[PDB]
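Okay, structure first, notes after.
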Amino acid sequence: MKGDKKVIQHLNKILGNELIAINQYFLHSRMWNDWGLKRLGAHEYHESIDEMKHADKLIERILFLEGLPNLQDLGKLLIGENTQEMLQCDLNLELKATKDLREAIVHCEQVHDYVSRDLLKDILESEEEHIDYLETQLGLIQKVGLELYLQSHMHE
Amino acid sequence: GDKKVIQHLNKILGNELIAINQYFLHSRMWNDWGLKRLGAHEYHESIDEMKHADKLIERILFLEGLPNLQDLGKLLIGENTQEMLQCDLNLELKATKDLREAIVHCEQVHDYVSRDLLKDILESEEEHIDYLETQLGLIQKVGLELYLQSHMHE
Amino acid sequence: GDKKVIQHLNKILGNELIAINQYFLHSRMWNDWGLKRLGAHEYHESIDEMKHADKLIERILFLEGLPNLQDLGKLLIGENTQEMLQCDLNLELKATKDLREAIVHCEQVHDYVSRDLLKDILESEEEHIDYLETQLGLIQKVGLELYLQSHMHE
Amino acid sequence: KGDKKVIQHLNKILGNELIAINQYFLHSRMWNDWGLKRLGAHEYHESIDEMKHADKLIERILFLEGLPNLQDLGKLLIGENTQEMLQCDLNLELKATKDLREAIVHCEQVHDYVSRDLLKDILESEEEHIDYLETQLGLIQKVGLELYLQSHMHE
Amino acid sequence: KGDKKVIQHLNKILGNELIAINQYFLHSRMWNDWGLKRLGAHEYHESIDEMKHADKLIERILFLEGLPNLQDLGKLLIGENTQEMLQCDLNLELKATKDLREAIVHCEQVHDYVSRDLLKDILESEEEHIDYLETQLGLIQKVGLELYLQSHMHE
Amino acid sequence: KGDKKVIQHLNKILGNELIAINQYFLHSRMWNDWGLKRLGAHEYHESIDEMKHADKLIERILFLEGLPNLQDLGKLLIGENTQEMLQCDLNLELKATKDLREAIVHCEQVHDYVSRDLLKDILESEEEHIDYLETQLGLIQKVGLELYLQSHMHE
Amino acid sequence: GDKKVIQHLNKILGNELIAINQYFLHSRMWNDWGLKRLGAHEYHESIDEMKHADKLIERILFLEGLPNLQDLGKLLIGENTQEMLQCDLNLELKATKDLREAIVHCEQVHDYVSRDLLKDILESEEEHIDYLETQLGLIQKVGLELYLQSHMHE
Ligand code: HEM
Ligand code: HEM
Ligand code: HEM
Ligand SMILES: [Fe+2]
Ligand SMILES: [Fe+2]
Ligand SMILES: [Fe+2]
Ligand SMILES: [Fe+2]
Ligand SMILES: [Fe+2]
Ligand SMILES: [Fe+2]
Ligand SMILES: [Fe+2]
Ligand SMILES: [Fe+2]
Ligand SMILES: [Fe+2]
Ligand SMILES: [Fe+2]
Ligand SMILES: [Fe+2]
Ligand SMILES: [Fe+2]
Ligand SMILES: [Fe+2]
Ligand SMILES: [Fe+2]
Ligand SMILES: [Fe+2]
Ligand SMILES: [Fe+2]
Ligand SMILES: [Fe+2]
Ligand SMILES: [Fe+2]
Ligand SMILES: [Fe+2]
Ligand SMILES: [Fe+2]
Ligand SMILES: [Fe+2]
Ligand SMILES: [Fe+2]
Ligand SMILES: [Fe+2]
Ligand SMILES: [Fe+2]
Ligand SMILES: [Fe+2]
Ligand SMILES: [Fe+2]
Ligand SMILES: [Fe+2]
Ligand SMILES: [Fe+2]
Ligand SMILES: [Fe+2]
Ligand SMILES: [Fe+2]
Ligand SMILES: [Fe+2]
Ligand SMILES: [Fe+2]
Ligand SMILES: [Fe+2]
Ligand SMILES: [Fe+2]
Ligand SMILES: [Fe+2]
Ligand SMILES: [Fe+2]
Ligand SMILES: [K+]
């Protein structure tokens, strides 16, 4: 059973996005920890872990479909230099990720690879949860102010 | 923090980032082939490199450096079990060479805490070399097929 | 219920009924030969198809159709381990082709609950394909006798 | 018998520990008196950490047949508000790590590797303390003094 | 805000505690170094007792709006052997109880009854230490030094 | 793979461990035979400690593709009474640590930092053993031989 | 204590001291090679000989002799698994010959407690011989590579 060439290419594209997010969120997590914003650092670590698990599932699916997972190409990390920029960078990355996920799902439907579609939909649900988290945090910065938002995320 | 020590630390970090991906892919390849014992052990090697990367990142930030997670070097991906193990060994031998050079520099500028971190990583890499050389020796002693059979089931 | 959806569900059900019997017989043949790990695994494949058949029967009755448990198609029975595994693989590949055609039809008439049921079965069949292709690949990598030895004891 | 200059170095490190014990203990109780109990508890634990380092150095000096010096207490850097107290602690820690590096150099030179390893363990702990202090000073810059204090009022 | 002379007295008692902490800690580690572990353990516990007294005095001084003095460390009385060490501790304790009685008199004079009660609790503890020390010196006389040391080798 | 002279050093340290295993095991069983059971038990644990060191050295030598030498057994220093046995153990330990320091120098020179760390760990344990031995000899001087023996008759 | 009995006991002790070191090194060789089941079993054989040595030392001291731990005879170190097992067997057969001669002498001078100790040691050596002859028999019956495969994993 060789999967569809274009589906495998789509899955490798989603994998590439996951690989960017893993590193981006891990660095942001450790930056927040370095700054003593430990609640932010812990949450961002868990975001990184979630992307690691997505990457794993994509790697497994690609190999089952007799494709070659691409872990060599690492795209541009969007690294902020303060809390507001870092969150916005994560949100920008997530919005790119979901655009790619939708185009991949379209392709899966068109060639009847419904299992790959379901996997991508599961990932998409998790990325929209991440967008929900990010948009809410940026909203909280507007509502309570940056300094109070940072204070709320100093201690776990 | 010393700028050349931070360069070294970022170099070691770069080596960890390659190993993470190389071992993770090799792990999932072995799993796809039904060599589940190899796949599980290789996954655990990958996790070990993730932990090393984490400590390096934390140290670089403490020393007010910028950790480099952007530049991913060349993955050494084998096409069968014998090549995969040799690729891992080739990577590890390069990693320990770089570790030794980084330790020298830490000693020279009296960064004894960075040296101790790198020595802990180096002991872990030498355990990995021990594992890899042992597996390649077993392939010579029992043959490839028996070695694979012995790593089919967990 | 849509008439052509019910026909598709009854076709998938027919595929499950073939699979139940083929896998159950293959299981008991392996147990008779003393290849108990294969017999146990094949027994669980048969049970999985039984559960799919149950879910299809229940769906057909909900949609006010008549489940067809009377028509049993051709069992693909092998005479040795390699043929049996390939017979199972050939049956699964036909099964996945019918499931995709049934899903296309469910989407067309907006029977999204039937589509979801068929998608869940499809994921289970692709896991069975993954298992079967892996086993055939292991036979190539370690040879038939070692593969059989590996599946003698549970 | 130990190397005489190694024992001198160990007694110098011990002297730094003795300053830090008292400085941190007083800062802790000042923060407790002011009702900044989270700062007070954390600083108490810094003081205890230095007490344990002092103990290990005393034991090592005695094993090497030296005389531990608990008599000469150097200058305590006592701040008058939270920002100064943290800065005082950081100033003390930086002097402490400099002395530790010079002691390790000397241990290495005379092949006293066990003393080196003891001082390296202490150095790891002092750098963790520097990490804590630099982080707190950075937090004061990022959220402001009053929020930083409020966050350290209750345990 | 407390009486200026009461605060001075409390700082004087605190100064005696800080000498005692360091003298007893060193003596404890000297006895451990010699393999007289029962003496070492007991002397360690005496040192901890003084640390806890010092803490209470610091807290009381800060409450009374005084400045605790952890900077001034008086003369440690370090012995060269078990008998001298025990006598050194006893000499220090007798000086300490003298200063405590004078501080209590002053607390009474100015109606600082809470500071008085704190100092009386500390004094009770010091007289228990004196009881311990005088009893050990008497055991050395009754069984001999070598038997006394043997009895305190193993915990 | 491993440095030829590093392997030589490791085999030298291993040789010293092999002497110590047998010397301490025999001293233990002599003390047991004499009814000095506390001495015999402690000396047994010293022997066990040396066995674990030898094991680690053997494993490291094999990893580095050297040939561990368990064939060459140097001179056991067997005493005739408790004081001589302790001094024989101390003489052996002091030769052991001298060799360990020379091996660490050589590991450092050729960047075998993992072998250095292993040898430093062994060195720390030998210095603990020296601490024990020097303390026992000091106790014999402080309380006398007969009381020292009495204290080590019963576990 | 009979002077000739003590000489015999010191001879047995000397055999134990060779065996401790030979089995301990063979154990760590097998571990280095990744034959962990062999390595663990050989470790336990080494420990068994340590315990025999201890009992002999205690008996000698009770009989007012001097235990000789200074003279270490020739270790028979093999270069591969079959050689190592044959080296162990050669040592054991020699050990049992000396044990039988020591027992003869104990019986002759009526040292029945020493005899009973040596008989206990001898029963253990004959069990070791049973193990070694069996392993060499297995190498003949299934072949070296399968024998090795069977002792890779604990
Ligand atoms: C910058 C690169 C990475 C870093 C720093 C990193 C770090 C970590 C850390 C610290 C853990 C927790 C390990 C533990 O303590 O148990 C972890 C877990 C894990 N990592 Fe990574 N990782 C990285 C990249 C990756 C990649 C590229 C993959 C896969 C393609 C991956 C897959 C996983 C998986 C599957 C887990 C277990 C998660 C779970 O089941 O909870 N990681 N990683
Ligand atoms: C101003 C001087 C000091 C004060 C106020 C002080 C206070 C304290 C306090 C409150 C404790 C906790 C005791 C307990 O609750 O059991 C303690 C423990 C301890 N102290 Fe001090 N101390 C001082 C100086 C020292 C010095 C100079 C040393 C050694 C050279 C030392 C060694 C120790 C040790 C080893 C502990 C036990 C820590 C543990 O294992 O948890 N202290 N001290
Ligand atoms: C190359 C020489 C030797 C090596 C590497 C060695 C190694 C070891 C090791 C690793 C252990 C287990 C220790 C633990 O983990 O607690 C042990 C136990 C022991 N050793 Fe040795 N050993 C050696 C020689 C000897 C000798 C020469 C004797 C006595 C004459 C001896 C007597 C014992 C005894 C009685 C035990 C405890 C066994 C038990 O009760 O299970 N060993 N040895
Ligand atoms: Fe994701
Ligand atoms: Fe597409
Ligand atoms: Fe799904
Ligand atoms: Fe995400
Ligand atoms: Fe939050
Ligand atoms: Fe690593
Ligand atoms: Fe360099
Ligand atoms: Fe460390
Ligand atoms: Fe590694
Ligand atoms: Fe099915
Ligand atoms: Fe249709
Ligand atoms: Fe569903
Ligand atoms: Fe199926
Ligand atoms: Fe299997
Ligand atoms: Fe098993
Ligand atoms: Fe310290
Ligand atoms: Fe110096
Ligand atoms: Fe250490
Ligand atoms: Fe500190
Ligand atoms: Fe905090
Ligand atoms: Fe007191
Ligand atoms: Fe007064
Ligand atoms: Fe009271
Ligand atoms: Fe007292
Ligand atoms: Fe007593
Ligand atoms: Fe003792
Ligand atoms: Fe040793
Ligand atoms: Fe050398
Ligand atoms: Fe280590
Ligand atoms: Fe030792
Ligand atoms: Fe034996
Ligand atoms: Fe005879
Ligand atoms: Fe018996
Ligand atoms: Fe044996
Ligand atoms: Fe076996
Ligand atoms: Fe294995
Ligand atoms: K607030």
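FYI, side chains are in, hydrogens and waters are out, and symmetry mates aren't considered; it's all heavy atoms of this structure. Per chain, numbering begins at 1; letters A, B, ... match sequence-line order. For ligands, and for the atoms within them, numbers begin at 1 and follow the listed sequence.
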Side chain to side chain contact (heavy atoms under 4.5 Å, CB included) partners for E124(D), two or more places apart = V113(B), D116(B), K120(D), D121(D)
Test side chain to side chain contact (heavy atoms under 4.5 Å, CB included) applied to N22(E) - qualifying residues, sequence neighbours left out = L70(D), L73(E), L76(E)
Closest candidate by heavy atom, reference atom 13 (C) of ligand 2, pool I21(D), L14(E), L57(E), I48(E) = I48(E)
Check each of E17(E), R29(D), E50(D), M51(D) against atom 6 (C) of ligand 2 and report the one with the nearest heavy atom.
-> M51(D)
Would you check whether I58(E) reaches within less than 4.0 Å of ligand 2, judged by its heavy atoms?
-> no
For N22(E), atoms of ligand 2 separated by under 4.0 Å from a heavy atom = 27 (C)
Atom of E92(G) closest to the Fe ion (ligand 37), considering N, O or S atoms | OE2
Part of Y24(D) with heavy atoms under 4.0 Å of ligand 2, whether side chain, backbone, both or neither = neither
Protein-derived N, O or S atoms sitting under 2.8 Å away from the Fe ion (ligand 19) total 6
Of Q136(D), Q23(D), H129(D), which is the lone residue that meets side chain to side chain donor-acceptor pair (under 3.5 Å) with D89(D)?
-> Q23(D)
Can you find a side-chain donor-acceptor pair between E102(D) and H106(D) that sits under 3.5 Å?
-> no
Report the residues that fulfil ring-ring contact (aromatic ring centres under 6.0 Å, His included) with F63(E), sequence neighbours left out, ordered by chain and then residue number.
-> none
